[PDB]
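Chemist:
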Amino acid sequence: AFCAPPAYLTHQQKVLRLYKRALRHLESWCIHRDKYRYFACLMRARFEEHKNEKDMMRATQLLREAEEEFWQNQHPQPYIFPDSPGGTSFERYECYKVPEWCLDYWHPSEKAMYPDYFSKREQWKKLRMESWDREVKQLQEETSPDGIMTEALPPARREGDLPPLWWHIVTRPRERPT
Amino acid sequence: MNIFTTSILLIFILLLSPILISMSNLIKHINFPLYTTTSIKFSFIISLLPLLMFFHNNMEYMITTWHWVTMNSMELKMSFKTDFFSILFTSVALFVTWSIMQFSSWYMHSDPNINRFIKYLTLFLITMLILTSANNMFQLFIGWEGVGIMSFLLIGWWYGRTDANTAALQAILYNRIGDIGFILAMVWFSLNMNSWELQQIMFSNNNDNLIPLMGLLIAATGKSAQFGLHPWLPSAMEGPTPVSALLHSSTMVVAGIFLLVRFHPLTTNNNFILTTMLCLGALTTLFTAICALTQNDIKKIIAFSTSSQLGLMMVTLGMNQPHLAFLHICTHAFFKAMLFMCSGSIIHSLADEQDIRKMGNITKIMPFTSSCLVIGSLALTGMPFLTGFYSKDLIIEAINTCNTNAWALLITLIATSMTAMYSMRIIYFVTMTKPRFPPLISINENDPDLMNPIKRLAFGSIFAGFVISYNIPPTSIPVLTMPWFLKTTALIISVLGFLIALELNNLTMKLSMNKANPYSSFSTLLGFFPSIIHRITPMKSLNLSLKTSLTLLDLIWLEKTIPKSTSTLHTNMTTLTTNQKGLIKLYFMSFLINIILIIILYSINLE
Amino acid sequence: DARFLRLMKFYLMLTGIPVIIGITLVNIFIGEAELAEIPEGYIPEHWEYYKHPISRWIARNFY
Amino acid sequence: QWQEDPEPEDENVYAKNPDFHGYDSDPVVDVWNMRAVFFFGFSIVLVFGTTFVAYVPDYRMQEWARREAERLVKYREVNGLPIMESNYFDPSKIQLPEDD
Amino acid sequence: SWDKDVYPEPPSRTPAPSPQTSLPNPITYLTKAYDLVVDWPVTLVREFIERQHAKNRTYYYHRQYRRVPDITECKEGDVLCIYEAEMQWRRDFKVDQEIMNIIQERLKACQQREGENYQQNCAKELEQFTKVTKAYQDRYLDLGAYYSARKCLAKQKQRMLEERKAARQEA
Amino acid sequence: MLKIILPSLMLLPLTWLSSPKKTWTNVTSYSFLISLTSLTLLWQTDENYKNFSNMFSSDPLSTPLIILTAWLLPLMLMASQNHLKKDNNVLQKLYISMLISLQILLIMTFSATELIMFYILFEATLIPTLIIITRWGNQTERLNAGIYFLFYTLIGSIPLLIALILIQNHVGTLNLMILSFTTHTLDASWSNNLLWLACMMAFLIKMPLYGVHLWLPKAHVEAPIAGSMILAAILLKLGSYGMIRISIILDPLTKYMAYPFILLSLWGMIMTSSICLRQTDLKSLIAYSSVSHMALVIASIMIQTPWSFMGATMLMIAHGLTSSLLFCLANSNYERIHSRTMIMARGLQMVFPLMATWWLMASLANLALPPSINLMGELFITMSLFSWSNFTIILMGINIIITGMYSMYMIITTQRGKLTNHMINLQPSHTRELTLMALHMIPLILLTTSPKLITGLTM
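Residue numbers (the deposited numbering), protein chains in the order written: chain n, 1 to 178; chain L, 1 to 607; chain h, 18 to 80; chain g, 23 to 122; chain p, 3 to 173; chain M, 1 to 459.
(1) Starting from the Cα of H319/M, find the closest Cα among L2/M, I412/M and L375/M and give me that residue.
(2) Identify the residues that DSSP records as bridge partners of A134/L: which are they?
(3) Output, in chain order, the set of chain h residues within a Cβ distance shorter than 8 Å of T431/M.
(4) Using a Cβ-Cβ cut-off of 7 Å (strictly less than) and excluding sequence neighbours within five positions of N399/M, which residues of its own chain qualify?
(5) Any Cβ of chain M within less than 7 Å of the Cβ of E94/n?
(6) Around the C-beta of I71/h, are 16 or more other C-beta atoms found within 10 angstroms, so that it is buried, or is it exposed?
(7) Along the beta strand (DSSP E) that carries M71/L, what are the first and last residues, could you check?
(8) Please classify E33/g: does DSSP put it in a helix, a strand, or coil?
(9) From residue 608/L to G146/L, what distance separates their C-alpha atoms?
(10) Is the beta carbon of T69/M less than 7 Å from the beta carbon of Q103/M?
(11) What are the residues of the stretch 77–106 of chain n that lie near chain g, defined by any Cβ-Cβ distance shorter than 7 Å?
(12) So what does DSSP say about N165/L, is it helix, strand or coil?
(13) Three-state secondary structure (DSSP) at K77/p?
(14) In chain n, which residues lie with their C-beta within 7 Å of the C-beta of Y36/g?
(15) Counting only Cβ-Cβ distances shorter than 7 Å, please list the residues of the stretch 195–206 of chain L near chain M, keeping chain order.
(16) Just how far apart, CA to CA, sit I169/n and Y93/n?
(17) To be precise: take each residue of the stretch 30–42 of chain n, compare its Cβ to all Cβ atoms of chain L, and keep it if any distance is under 7 Å. Which residues remain?
(18) Anyone know if the C-beta pair for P64/M and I445/M falls short of 7 Å?
(19) Between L88/L, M62/L and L259/L, which has its C-alpha nearest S79/L's C-alpha?
(20) Between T381/L and the rest of its own chain, which residues show a CB-CB distance below 7 Å, the 5 nearest in sequence each way excluded?
(21) For the stretch 111–186 of chain M, list the alpha helix (DSSP H) runs that are entirely contained and at least 4 residues long, ordered along the chain.
(22) How would you label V92/L, buried or exposed, when you count the other beta carbons within 10 angstroms and need 16 or more for buried?
(23) Do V297/M and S240/M have their C-beta atoms within less than 7 Å of each other?
(24) When the Cβ atoms of the stretch 149–164 of chain L are set against those of the stretch 239–248 of chain L, are three or more pairs found closer than 8 Å?
(25) Could you pull out every residue in the same chain whose Cβ sits closer than 7 Å to the Cβ of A225/L, ignoring the five residues on either side in sequence?
(26) Would you mind listing the alpha helix (DSSP H) stretches within the stretch 142–170 of chain p that are 4+ residues and don't spill past its ends, in chain order?
(27) Just the chain p side, please: which residues come within less than 7 Å of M62/L by C-beta, in chain order?
(28) Please report whether the beta-carbon of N73/n lies at a distance below 7 Å from any beta-carbon of chain L.
(29) Give the residues from the stretch 50–66 of chain h that approach chain p closer than 8 Å (Cβ to any Cβ), ordered along the chain.
(30) With a 10 Å radius around its C-beta and 16 neighbouring C-beta atoms as the bar for buried, classify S109/n as buried or exposed.
(31) Does the beta carbon of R141/p come closer than 7 Å to any beta carbon on chain M?
(32) Kindly list, in the order they appear in chain p, the residues whose Cβ is closer than 7 Å to that of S47/L.
(33) Taking Cβ positions, are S308/M and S189/M nearer each other than 7 Å?
(34) Does the Cβ of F588/L have 16 or more other Cβ atoms within 10 Å, making it buried, or fewer, making it exposed?
(35) Taking only runs of the beta strand (DSSP E) that begin and end inside the stretch 546–581 of chain L, which ones reach a length of at least 3 residues, in chain order?
(36) In whole angstroms, give me the CA-to-CA distance for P60/M and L453/M.
Below, the structure written as structure tokens:
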């Protein structure tokens, strides 16, 4: 979520994510924790066996055979953490995640009830208006001319400068606002 | 003629007062949930009086309140039919909603728009009472569509989930497919009888009523979530569990069975309709009781159980036993809603977790909720002398003691076994194993909003079937002389189901590896019905609507034919006519052509 | 939005309350006329065929 | 590139007048347009016209027809006649062809 | 208040109470309470309002239209005679609808009061219904949304022609 | 009728002689008052329709349309104040004058006893409409839209004029009271069939039909909010009023010359309601729903049964109100983002909570939610058709399904879902547009309370 995936997926990453999905589906089959511990030790044994296999031709072939075996004997209704994709409470609170700019249309009456908050808010807005141009130039001056980009953001190299493109990560509405 | 009607109307007045307040400035100050709960409680107490007067004299009324519009030869009025059905259902639904209101005041303390939630619950209750106390079919349709839209709004209570709006749209779609048959019935009765009132429709008893009865049956299929149109009900579990305990468990889904009960004087003389009811209900019962044997989401299990019981009610209606089906309707809500509310407590404590795999023992850590859940599961099963028994016993007897299709009988018994089975599945993975839930414990079930409604529903689940079945008049004649292996068959079935599930689970405790057998992937996945239909039929619909309907015709071919052919024709004739060369020689040659043409026309025509 | 609702309620009530009250007075004190038979040799005016006071007052003074 | 003015910038109408009703930029005009609309639409029309209509009597001869149907069924049950004859027009009034 | 000869209502032979136990009926006492608490103040309000009615009492009559030549007595093209006759036909048509509605209401009420024994005890109302419906059918049915007196007349004439030809034949 | 028309005229000098600031308030208020004055037509205490002169009259069919036309003017004026705020005073006055002229001509058309006045005004309603579209629309397709709108109508109307003149030469008068008592069976022949075509196709193109309906979405899409409102609500009802009035003299050729049109309407209902699913433009969606709804009116009028005419009148009134409402709702969001695509703004229930109830109630009236009068019309039309042929309910029901489907799709993908956080320009709702939705909705409640008014001559 916070990080952007790379251009392509390496082989070790593929293997780790297969390991994770296999252990999760196995937890789903092996509902009881002891059963799960046992068959998870077995699964780690199955992985670690071909762990020092140096060749790549056979490595990818083993990986694809494992993906096939996983798609087979795959729990149709695997466990899915509630707040995660496919879960009960996935976006259950995405209806109360009102952004911040909805306060620029508030009525002075509604505002007089929360004065300190809006003083702080104007402070923040001044902060942003000041840091904008500096972070923009920090971006334009350190783009690799190779021509290929990476989607990742740089930090605030110079002191007194705020990290570029922060007002949407910061100010991000909370995750359970009520 | 005064007290009865007075109360029948004051109930609606009370249900309305909260909503009229919701459109006022009081709601800012007053506590609206408590107000609504009190109003519902008082409505229930008031409704107890018509119930008494009916238990006493067994008189039923027809009450015309407001004359809406007279269309030539056909009058429309807001008429109420306070029979056994309407009165008893009103009282039961009001008790259950009284409980749900407290449970929501506790289950939704964190929701800012909770007052809107209470208002929507009350609106659904009003629409259901209209759908249940109506003498006219337009009023029935009003309640029908109102229940539909209220389901849409309550399931879609969280309008950020693109998976809840889907379920709401799903329900809308299926219930409109049912509305089609409902409207077919209305039309048939308006043309062949000239009235939508039941008192005048009853004189169609000696006619061929296959068309409107099939309409009503399609409507019941859609609303009671029968086989062809079941999926929407479980998918409706995207909504908060009070919604599931009120609408999609006990009252709304029951509207189809109630409707077919209200028209039983016309089915008794049609065997086609009875047999198709029988088959549809038995098939639903089997299919859902199956699909529930492998579901890990408690809500979905409690919902497939409801679909199975609806199939059983339709079976009952198939062998000409409507009063039994309605008594099961009334006795089912108690323990089903208590079951949903126990689930909701468990879910609110375990931080939204709904997957039994992460529930564990709940006796030690929630003894009260657990006892209530066990009472609910028992009442759902036979467990003699609880609420469920006093109906399901006679259901099984009637089915095994009548000239019925043998396959329906067989799969109904199998489905009662499976009822016991998945009841035990819940009781095992939620009440008898060792924990799988996170290690931090934030459990609290002491709040009186959680305990009082649940224990009221428990008193119900225990004594209400006895009470009713002894206070009701004798409607039908039960067969009470049958072999031992038929009067004790429901209990044998449930017991064998309990034992078999117990063995299977004590086995899955072992260290062998479970596998994806093809006979379980069929149950775990709703029989593939959604997986294929919900993405083949909309695909065709939405690709047709574009390719063949919008572009091909509207944007291409009608344009080419009419306007963009007239335009080309006229612009080409223009290019012809007006693209001259500016030479007087040629103009005068054409003038000569015209001279000659006129002279020739004259010569031939007149000389 | 609350402002719009406040204003709508105010401006509806501003005339609907006097109207409701006048109607209640008319129906408590004056009320409706009662059916009858035309006395011989009597021509009832067009408004003497209607029932309600508001109805027949309007009818008389405007129709 | 030919000369034109650039596309303007959208404005927040509540910026300068937070008590804005949507009618006009000048407040007084705004308030009085709002008040006139509300008055003449809700207080005047939707109330007085509603009453005027609710107190229209015998709309398209509906009450009178009921009263007369009562009169007629009474008379006809009391005098043996039926409640409706299959022929509106007395045949004596009708001369059918002398078809041959 | 309302005529019995039009909306007849049988006398409702009521059975007397036959208490056969020692417990109290919670409905008779609740009913006395409801009477004393509700019916009395309401009855008083009603007395007061009916008195204020008696003061400044008002009357209203039933509009009697005289008979005017039907369209049979009108000529082709004479729009005055035709206009009067057609307004009459529409009046009578509305009246016939209201009659049919009265009868449907009588049928509904009968079926409701009888209950289970409505095939018996409710055949007179159903017979009147069948009769008036046959008539209405034969005098107002197959006309379009533009029903008038000329169309009813043509329908009557074709019906009488078919019947007279079924009678002449077979004689 | 003069007491309703002459005030509508004096509105014009009131518009022009008024100070630039007080020009909107005066006209709006006096238009409301004229809508009030138009409520006397409901004083019908008999079966004898109101004839005020040899030219002006009002039956139970024309009275609802006249009241709707007198009530829509102030709503259009209001809706037309957020745009035109940056236009010059003279342009605003010209817009208001166009709208007033439309009101006047429509009240005349519905009050006309004779068909030639009806035709003249039926055609005069093209000039102000075309001007509104092409002068105050925003995109370049304004012009093609206006062209389509003009010439579909004129190519349909010319034969109508020829047929009216023929009827004049044959009968002596085009009066509607006379042509109803002095009527004769039309001998079945190709000449009289072409007469039927001439008398009908102008209205059928104005309802419209399915095969000829492309002029409507282009206009609505490219028309400012007021033009869309008046068009949808009235300028389609015009064709149904014409057909209902003129179908008395075409008997019995309507029995077998209708199958083509009944069929086209019943099928295009399905086609258009399906289009309303795969449609990116909200205005186009509303327009295609309007076509789907008017198909039922056409079929009903074609079978010419009492239930049919009644349902048609109810559906006309209700559809006018609710479609004007939906276009108002759409333009509300348009004024913020200036885009007609229904996919850009899809979380507006988290900012406009009250305006969403208007969306909800409208989309519920769009579909047939009872006891709405949008539903009583559909129901009685379904009943009339079922009596016609018991195989119509198939198409009627699939249309019902698709209707629920696309209305729910509209409100879901527009209000519900995740908010578009980049839309910082989503100003809260204006009291004015809120009043607009309220004025569109409350009359629906009131009609549902008293449906006896919008039934028609049959009842």
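Don't be surprised by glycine CBs; every beta carbon is placed ideally from N, CA and C.
Modeler: Considering the structure as presented:
(1) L375/M
(2) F80/L
(3) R20, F21 and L24
(4) Result list for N399/M: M269, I270, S273 and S292, in chain order.
(5) yes
(6) buried
(7) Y61 to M71
(8) coil
(9) Residue 608/L is absent from the structure shown; chain L starts at 1 and stops at 607.
(10) yes
(11) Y105
(12) The answer is helix: DSSP assigns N165/L an H, G or I state.
(13) coil
(14) Neighbours of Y36/g on chain n, chain order: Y105.
(15) none
(16) 18 Å
(17) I31, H32, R33, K35, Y38 and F39
(18) no
(19) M62/L
(20) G388, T419, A420, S423 and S494
(21) Counting only runs of 4 or more, we get 115–124, 127–136, 142–171 and 178–181.
(22) buried
(23) yes
(24) yes
(25) The answer, listed in chain order, is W232, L233, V253, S307 and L310.
(26) 151–170
(27) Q114
(28) Taking Cβ atoms only, chain L reaches closer than 7 Å to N73/n, which makes this a yes.
(29) Going along the stretch 50–66 of chain h in chain order, one finds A50, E51, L52, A53, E54, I55, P61, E65 and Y66 with a Cβ nearer than 8 Å to chain p.
(30) exposed
(31) no
(32) Within 7 Å Cβ-Cβ: nothing; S47/L doesn't reach chain p, min ~13 Å.
(33) No, the Cβ-Cβ distance between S308/M and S189/M is not below 7 Å.
(34) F588/L is exposed by the Cβ-count criterion.
(35) none
(36) 8 Å
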